[PDB]
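Quick heads-up: it's one chain on its own, the form deposited without 5-hydroxypyridine-3-carboxylic acid, in structure tokens.
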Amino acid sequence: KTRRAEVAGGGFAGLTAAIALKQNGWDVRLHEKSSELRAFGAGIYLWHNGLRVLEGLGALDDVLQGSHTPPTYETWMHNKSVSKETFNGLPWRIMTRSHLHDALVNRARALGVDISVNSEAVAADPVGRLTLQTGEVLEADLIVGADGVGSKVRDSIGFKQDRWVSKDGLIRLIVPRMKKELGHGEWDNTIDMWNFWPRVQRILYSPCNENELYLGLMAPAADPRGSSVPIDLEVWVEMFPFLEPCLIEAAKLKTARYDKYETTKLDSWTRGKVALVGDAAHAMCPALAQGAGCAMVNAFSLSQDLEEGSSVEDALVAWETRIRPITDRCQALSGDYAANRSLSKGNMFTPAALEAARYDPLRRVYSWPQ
């Protein structure tokens, strides 16, 4: 009589879905294809919307402890400060990916979510079957495709898909803060350091806590030095000399990767008893820092709609209808910002830009008015 859910993917979306369902009394199994549970991407920003999901997951305290809210979100163009934004009190937070992942994993385990590593979903059936790489077929009342941008769950079913790949990427790293070595300045701030001259090179500077700094080093794919990993120390120091102590530490990271990314928009997110959440459904440009925030809101919202006393099929349809427009709008605006390099101007976290962030999934209203 206990409802059964199978979740494919052990990322932020899958873990969120698993915790939220388990909290509602579902028997939940989560499948992670990797040998271990781990989050990549170095660091991550969350906002009010994602912090509220964490609150609703009972995972907020572990996240806030050991993460950071900068005094301000500052933007530079060619080393000149062009804006400082604090979003009228809107809560936000920076942390390492592992920090967020660990909080979600610990909460999942505390609740008795069944987690299988080395377990890869290769197909899903709308009537409620999930097939693993081994050949094993699992039956369930709900199947969640939270398996990222190349979702086999999605592709095993076939969803009409708008796909785009970014030509340019970036290198994301965690390094020591080296705060004392940085000297005079406001080194607790987020600082988005844009340049187009003498070359296109940008650093998003993002403190995660008193010990760890998240750096995003962005240069065109066509730049053989700026895009190099391990980093070409000289060309980063040249344009960002005030960050030399941290860049010296970054140069030690021989695991650095130049990551490109893609965006995804689907004609829908559901088929029968199958729901797609996270990047598998709606991967977006990083400009508004809402990829995971939207993913978490969506996975959390899915659990909510499954409490209405409907069939799973109808609840899934109602879920997309209810919650998707917030993601569609955020994805679109983020895409525009990215295409137009809008963030380079500063002062671009407008009310419309902050729309996803303002959404409270717990009370289902918009908060922190701008």
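We number the residues from 1 along the sequence you see. Here the rigid core means the biggest group of C-alpha atoms that line up within 1.5 Å when the two forms are laid on top of each other.
The stretch that moves more in 6 other deposited structures of this protein, judged by CA deviation after a rigid core superposition and choosing between 270-278 and 255-263, is 255-263. Where the structures in 6 other deposited structures of this protein are fitted on the rigid core, 159-167 is the one of 281-289 and 159-167 whose C-alphas sit farther from the shown form on average. Checked against the record, the higher mean CA B factor of 75-83 and 244-252 lies with 244-252. Comparing 20-28 with 352-360, the higher mean C-alpha B-factor in the PDB entry belongs to 20-28. Residues shown: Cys294, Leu138, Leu204, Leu173. Highest C-alpha temperature factor in the entry: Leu138. Of the candidates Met193, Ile94, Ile115, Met239, the deposited coordinates give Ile115 the top C-alpha B factor. Ranked by C-alpha B-factor against the other modelled residues of its chain, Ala121 falls in the middle third. Per-chain ranking of the deposited C-alpha B factor places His99 in the lowest third. Among all modelled residues in this chain, the alpha-carbon of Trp197 has a temperature factor (C-alpha) in the middle third. Among the modelled residues of its chain, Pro220 has a C-alpha B-factor that falls in the lowest third according to the deposited record. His68: CA B factor in the lowest third of modelled residues in this chain (values from the PDB entry).
The next section is about a form of this same protein that is not shown, the form deposited with 5-hydroxypyridine-3-carboxylic acid bound.
Put simply, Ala318 is far from 5-hydroxypyridine-3-carboxylic acid in the entry with it bound: not one heavy atom of it is within 4.5 Å. At a distance threshold of 4.5 angstroms between non-hydrogen atoms, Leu204 is in contact with 5-hydroxypyridine-3-carboxylic acid in the entry with it bound.
For the chain shown alone, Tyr261 is a contact residue for 5-hydroxypyridine-3-carboxylic acid in the entry with it bound, at least one non-hydrogen atom being within 4.5 angstroms. In the entry with it bound, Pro286 approaches 5-hydroxypyridine-3-carboxylic acid with a heavy atom inside 4.5 Å.
Note on the interface: of 60-68, 306-314, 341-349, 324-332, the segment with non-hydrogen atoms within 4.5 angstroms of 5-hydroxypyridine-3-carboxylic acid in the entry with it bound is 341-349. Of the residues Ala103, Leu243, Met218, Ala140, just one reaches 5-hydroxypyridine-3-carboxylic acid in the entry with it bound with a heavy atom at 4.5 Å or closer; this is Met218. The single residue of 48-79 lying near 5-hydroxypyridine-3-carboxylic acid in the entry with it bound is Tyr73, the criterion being any heavy atom within 4.5 Å.
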